[PDB]
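The data below hold one chain only, encoded as C-alpha cells and taken in the form deposited in one PDB entry.
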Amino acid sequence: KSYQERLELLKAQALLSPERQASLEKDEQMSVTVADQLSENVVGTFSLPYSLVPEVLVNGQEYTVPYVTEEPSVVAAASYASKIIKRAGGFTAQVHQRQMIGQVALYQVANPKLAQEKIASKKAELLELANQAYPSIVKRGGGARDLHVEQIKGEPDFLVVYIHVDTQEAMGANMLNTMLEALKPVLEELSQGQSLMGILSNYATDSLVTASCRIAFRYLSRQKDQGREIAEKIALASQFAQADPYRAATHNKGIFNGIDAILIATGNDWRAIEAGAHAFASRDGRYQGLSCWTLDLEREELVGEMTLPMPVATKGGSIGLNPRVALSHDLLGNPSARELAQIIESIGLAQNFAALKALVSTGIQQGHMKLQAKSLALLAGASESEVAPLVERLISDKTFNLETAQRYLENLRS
C-alpha cells in the first residue's frame, strides 16, 4: 500500500481516536519550542521514519507496535516474524521484578567489615531516610524497598551501598539520585569513610523481563524435514552466538534494531536499555547472545526465550512533551510500564527470530546457482574469459560441485 493508503487502513482499523488519527495524518511533530525544553543549544529538529508493526501478539493480546528506525528491512522483518509467531500462538511474557538500583561508593574505610555490619543493621532506618528525602513516591505507593552492602576489593577497595527502589511508572534517575544524596552523610559516619558518588545504576537486574515463543516446525517450511532443518539451524545459530563474541555482538545488535525502534517511539531511554542488556550479556564471564533458541524434538517445536533488564517508563522524560510519543502510548492502549516492558521484550525476540531465519536460509535457486557455480569456477582456477562458459555448463546440471567445475575447466582448455 501507499503511504496515504496506509493511513486510510489505520483509520478504518480504528486504532487511534479521531483526534490522534488526524494528528498522525497531519504528521504532527514536536515543535522547536518543545525541543528547546528537552535539550540544550537547540537549533532545530531532526526527523526519522515512523512505522507500524502489526499483529504483535503478547499474552493473548494483539498490538500494533510503532517503530522508529532508519535501517531498511528492519520493520519488514519484525512484521514477518510477528505474523509467523502469531500463527504459533504469539508470545508469552512476564516481569520478574520491577525495581531500580542505585549505589553509593565509599572509599578510605578503615574497617570495612565493621562498616558493612553497622550499615546492614541500620537497613530500615536508612530506607526510611531515603523515603523521607523523596516523600512523593511513598505517598503514591512506591519507595525504597531494600538495601545491601558489598565490599569490592581492588585498587583501591570500595564499600558499595546499593538501594532497591520501587519507582512505579517512572524511570527514577532523579528519585534515586536524590535518595542517594541524602544517604551520603550518614553512610560516611556509619562507615567513617569517604563518599565517592551516589548514582542510579543502569545494570538493572531488579527489572528482568522474559518473553518466549513456541513455533511448530510446520510454520517454518511445508517440507516436514525442511522445517526441522530450519529450526535446527536457528538453534545452531543461537549456540554459535554463545560461543563467539564476534557473532554475539551481531546477534544482539539485531535484537536492538527492534528494541531501540520501539524505545524511541515510546520516549524511552535506549542508551539505558542498551547498556543494561549488553552488560547482562557478559554476566557469565564472556560476551554472549542475549536470547536462546532450542529444539523441542518431541513436540517438533522451535522454542525462543530472551531475558533482559527492561526498566522502561510510561511517565517522564519526553513522554509528555513529544506529541508523537504520546500517540505511540495511546496506540498501544496506554500499557503500564510492566505491560510495555513485556511488549518490548517480545518485539526484541521477534526481531531476533527474523534475523536468524534469514541468516540460516539458503538457495536463491535461479540466481543463487550462478553465484555458486562462479565461485567454484574461480577456485578451480578459471581465468577471466573462462568463467562465463564454465558457469553456463555447471548451472545446466542437476547438481555440481568443485570436482565438476574442475573437470569442465579441463574440457574447456583441452
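Shifts are known only where both forms have a C-alpha. If you superpose the two forms and keep the largest set of C-alpha atoms that fall within 1.5 Å, you have the rigid core. The numbering used is simple: start at 1 and walk along the sequence shown.
Averaged over CA atoms, B-factors in the entry run higher in 152-160 than in the other of 250-258 and 152-160. Comparing 329-337 with 211-219, the stretch with the higher mean C-alpha B-factor in the PDB entry is 211-219. Among 390, 24, 16, 9, the highest C-alpha B-factor recorded in the PDB entry belongs to 390. When the C-alpha B-factors of 110, 241, 204, 179 are read from the PDB record, the largest value belongs to 110. When the CA B factors of the chain's modelled residues are split into thirds, the value for residue 175 lands in the middle one. Ranked within its chain, residue 194 lands in the highest third, by CA B factor from the PDB record. Residue-level temperature factors show residue 36 in the middle third of its chain, judged at the C-alpha atom. When the modelled residues of the chain are ordered by their C-alpha B factor, residue 122 lands in the highest third. The deposited CA B-factor of residue 132 belongs to the highest third of values across its chain.
Beyond what is shown, the protein has a form deposited in another entry; the following relates to that form.
Rigid-core fit between the shown form and the other one: of 34, 387, 48, 42, the one residue whose Cα shifts 2 angstroms or more is 387. Residue 303 shows a C-alpha shift below 2 Å between the shown form and the other one [criterion: core-superposed Cα displacement of 2 Å]. Core-superposed comparison between the shown form and the other one: the C-alpha position of residue 130 differs by no less than 2 Å. Comparing the forms between the shown form and the other one, the C-alpha position of residue 374 differs by 2 angstroms or more, with the core used for superposition. Compared with the form shown here, the C-alpha atoms of residue 405 and residue 229 sit at least 3 Å farther apart in the other form. Legend note: Cα of residue 313 to Cα of residue 140 is at least 3 Å farther in the other form than in the depicted form. Taking a Cα shift of 2 Å or more after superposition on the rigid core as the cut-off, the stretches of three or more consecutive residues that move between the shown form and the other one are 128-142, 171-175, 177-179, 222-225, 362-414.
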